[PDB]
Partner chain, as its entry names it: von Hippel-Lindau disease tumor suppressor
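Let's start with one chain on its own, the form deposited without its partner chain, as structure tokens.
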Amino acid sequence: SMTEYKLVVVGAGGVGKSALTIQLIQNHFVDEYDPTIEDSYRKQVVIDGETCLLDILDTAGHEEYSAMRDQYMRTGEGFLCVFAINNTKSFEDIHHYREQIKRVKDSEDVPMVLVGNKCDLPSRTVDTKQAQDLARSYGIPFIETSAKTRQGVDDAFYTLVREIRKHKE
């Protein structure tokens, strides 16, 4: 049977979590602001020559509900931690999302990928080397993405599947 992988997308409001997810699932780019409550998606993909099923939870970045993340952090197998490269605050929120995931999972070793989104925009405020250094100190991969141009979208989700797979085995 096909292996199912439970992925969760987290990050501050407006960084592009849903835009990335809808690019992966539906291959189109949502220009509009549609803040998420909670959404779930399914997609089968071929990764390293094997078909697998991605179950993707798109979560709310709305800062008011930070105390209600525990249930989905318990069930998720791997985490896409998204910031936007033109929003320094979203980059600083990353540390807090990661710690929260570690606290709920009670584990310092959780499949994760750091994602710097909106790399199509010129107004960059977070330096690539700064995110590379941060990811290196976490021991996790780092990928720059654009949900607008699709740059890195497949690679980010596929890399997280590879991380989860290494953790299961």
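Positions refer to the first chain, counted from 1.
What comes next is about the form solved in complex with its partner chain, which does not appear here.
The closest heavy atom approach of residue 48 to its partner chain in the deposited complex falls outside 4.5 Å. Within this chain, residue 124 is remote from the site of its partner chain in the deposited complex, having no heavy atom within 4.5 Å.
Under a 4.5 angstroms non-hydrogen atom cutoff, its partner chain in the deposited complex has residue 103 among its neighbouring residues.
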